[PDB]
Amino acid sequence: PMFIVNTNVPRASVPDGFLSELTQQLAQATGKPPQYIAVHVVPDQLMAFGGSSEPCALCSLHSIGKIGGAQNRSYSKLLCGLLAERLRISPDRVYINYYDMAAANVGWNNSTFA
Amino acid sequence: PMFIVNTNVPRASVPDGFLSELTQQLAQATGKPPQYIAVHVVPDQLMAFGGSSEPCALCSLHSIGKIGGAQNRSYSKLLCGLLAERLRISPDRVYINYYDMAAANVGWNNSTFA
Amino acid sequence: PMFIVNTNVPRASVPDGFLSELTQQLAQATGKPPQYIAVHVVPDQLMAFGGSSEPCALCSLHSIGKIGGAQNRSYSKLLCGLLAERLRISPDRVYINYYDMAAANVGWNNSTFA
């Protein structure tokens, strides 16, 4: 699984250990081993949500399976929780796009996951 | 809707007001309320289009519905128009990927739109 | 086709000529003319792969067709090869998401490719 967060919150507001916390929590939520979890945080972005430049985040979670109605609700509660607690971003200023990737459409280690 | 623009045009070439203009115009073109429109502009990128480093843009528009052949033509005319007029990027050096997101696959406010 | 790579490798480690090499090699692998190939490299990123911050890359390849099981294996070999040789990123620390785009869902030059 891969999780990306783009945000206008400044780099100095991202706590040390945030990458690790995301890795651990997503391993738990997805059921996948942490060795397969990739995380990417992009602060200091030039962005707006609803026309406002108050703190916000635009995110993606890609995973081979483990994506669906109930699961995505649960991921959204988890991830909005983390972004609120760690980055002080209001859950109503967060979008998370979920992608259920076909194994054949993810490249890794000179091949695909198919 | 979420609109992202990545470009090699420098930050100082992005005019004041550009994110608001995007937000306003996308609300109009998509029919969605401005409060749901998120925009993200990433200047100073290391990129090429057709092997050339002349001004270019790689973009995405994600929306829950309002995505289709005619609509996407109309978005492309609008957005290429804005990138040409405001960032001086030629329309033929612009790619926009469109995504019609399932409501279940967009997280917001601790839940999804499902 | 459009190829984007996000990496924690620093900008000074990206060799001269790298965007052209990507452009050329992807033209060859996809069969599409280089004039239609767009590439984007984003260094100095804050990211982790499998809980660690050694060199890694999170990437996407979007193409109108030319996406599938065998082709994607071949792209992954090529692109992991280039990232290893040029950026010294281990292939096992690289994910590449592949997207087969509908022509109607790609904007270019005030319209779509449909």
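Residue numbering for chain C follows Swiss-Prot; the residues present correspond to positions 2-115, in that order.
Header says: X-ray crystallography, 1.9 Å.
Here the Cβ of each residue, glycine as well, is placed from N, Cα and C on the backbone.
Per Swiss-Prot, the annotated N6-acetyllysine among residues C:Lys67, C:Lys78 corresponds to C:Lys78. When secondary structure is read from DSSP and collapsed to three states, C:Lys78 (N6-acetyllysine) falls in the helix class. Proximity to chain A (Cβ-Cβ distance under 8 Å) holds for the following recorded positions out of C:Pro2, C:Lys33, C:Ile65, C:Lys78, C:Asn98: C:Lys78, C:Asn98. Each residue contributes its Cα atom, and for C:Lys78 (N6-acetyllysine) and C:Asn98 (substrate binding site) these two points are 14 Å apart.
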